[PDB]
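We begin with a single chain expressed as structure tokens, specifically the form deposited without the partner chain.
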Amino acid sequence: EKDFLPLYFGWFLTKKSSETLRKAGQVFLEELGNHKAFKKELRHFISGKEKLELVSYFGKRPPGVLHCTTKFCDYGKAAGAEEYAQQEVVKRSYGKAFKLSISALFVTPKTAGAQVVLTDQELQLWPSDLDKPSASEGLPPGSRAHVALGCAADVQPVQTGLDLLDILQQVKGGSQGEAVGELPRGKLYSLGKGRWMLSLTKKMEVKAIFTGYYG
């Protein structure tokens, strides 16, 4: 009997760090939905005189504690899941505390989440390229690093990281555009196709422990 891996490795925010980011995320959706910049472009958001509530729009949310996923392993069935688990840094970091840096919150017609900017030490726990996806092409590793805050009814969990990457691909091209508004936390940007990003004036710091989830 070999030992199977967790469902996925990642940094799991503490109760207070979760609550803090969880509230700020909720606030952001309430601010965006009220913002006039967003109300003009509801057409790009949903196909169907009145107003949308984004907290309700993102019904599928994390029940309790939040987290930043590193490697999806699926108990080893996923490719590269085993090679990642043998890494001394993964073994050495298992159960240790880390401080993740949130640089921005984002919203799409599919997902709501937060951008994570990992340190080098934390990037060593980031899985590398055996198959390298199309979405993260040209972007440095860990660009996908995120914390899922909300998903639309028919959106899959993988979509959050892809939505973050997609938004970051536009910023690289310089299609970020000028800020269309100013929220108390930072500048609001409209990237088109229902994509919205809040660039935090102050990098929010969260406290988490690197471990594995089993379902």
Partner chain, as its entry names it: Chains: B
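Numbering follows the first chain given and starts at 1.
Unshown form solved in complex with the partner chain; subsequent notes refer to it.
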item: Residue contact check: residue 193 to the partner chain in the entry with it bound, 4.5 Å heavy atom; value: no
item: Residue 65 within 4.5 Å of the partner chain in the entry with it bound, heavy atoms; value: yes
item: In the entry with it bound, residue 94 touching the partner chain (heavy atom, 4.5 Å); value: yes
item: Residue 98, heavy atom within 4.5 angstroms of the partner chain in the entry with it bound; value: yes
item: Members of 175-208 lying within 4.5 angstroms of the partner chain, judged by heavy atom, in the entry with it bound; value: 207, 208
